[PDB]
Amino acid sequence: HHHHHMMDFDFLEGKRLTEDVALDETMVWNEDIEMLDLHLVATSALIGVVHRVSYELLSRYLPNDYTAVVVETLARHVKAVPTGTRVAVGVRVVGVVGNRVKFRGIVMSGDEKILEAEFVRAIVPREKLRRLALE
């Protein structure tokens, strides 16, 4: 009877958001000790950044009992950028298939493309995710 989730999420198609995001010291690539003084941003950290903008975008539009979690992601990190920098981060909803929302993401530093991504959030009732996490 808590089996009352049947939406068409296509209302999300075409939504977009761009934000300026600070690349801070928690985001540094630190695998290689000899490269530390460059403090390049880590690929995973940039992926984190792009994902988080997609949540900010969705949260305005998700019905009240539903959250959205990343289930799939693809990224190409094409230019190294140092931390301590602000970047422009854009995401747009390029498709919806059931409860799967697909985004394209871009990280620009000035006019240089740093990273591009394509990724998927599953839109799930908080109750259901909580039950799954706890089982």
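Start at 1 and count along the sequence shown; that's the residue number.
> Can you tell me which third, lowest, middle or highest, the CA B-factor of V97 falls into for its chain?
Lowest third.
> Test of reading the entry: by CA B factor among the chain's modelled residues, which third contains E34?
CA B-factor rank for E34: highest third.
> Taking the values exactly as deposited, rank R86 by C-alpha B-factor within its chain and report the matching third: lowest, middle or highest.
Answer is highest: the recorded C-alpha B-factor places it there.
> Relative to the other modelled residues in the chain, which third contains the C-alpha temperature factor of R60: lowest, middle or highest?
Its C-alpha B-factor, which the entry lists for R60, ranks in the highest third among residues of this chain.
> In terms of the CA temperature factor given in the entry, to which third of its chain does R121 belong: lowest, middle or highest?
It belongs to the lowest third of the chain when residues are ordered by C-alpha B-factor.
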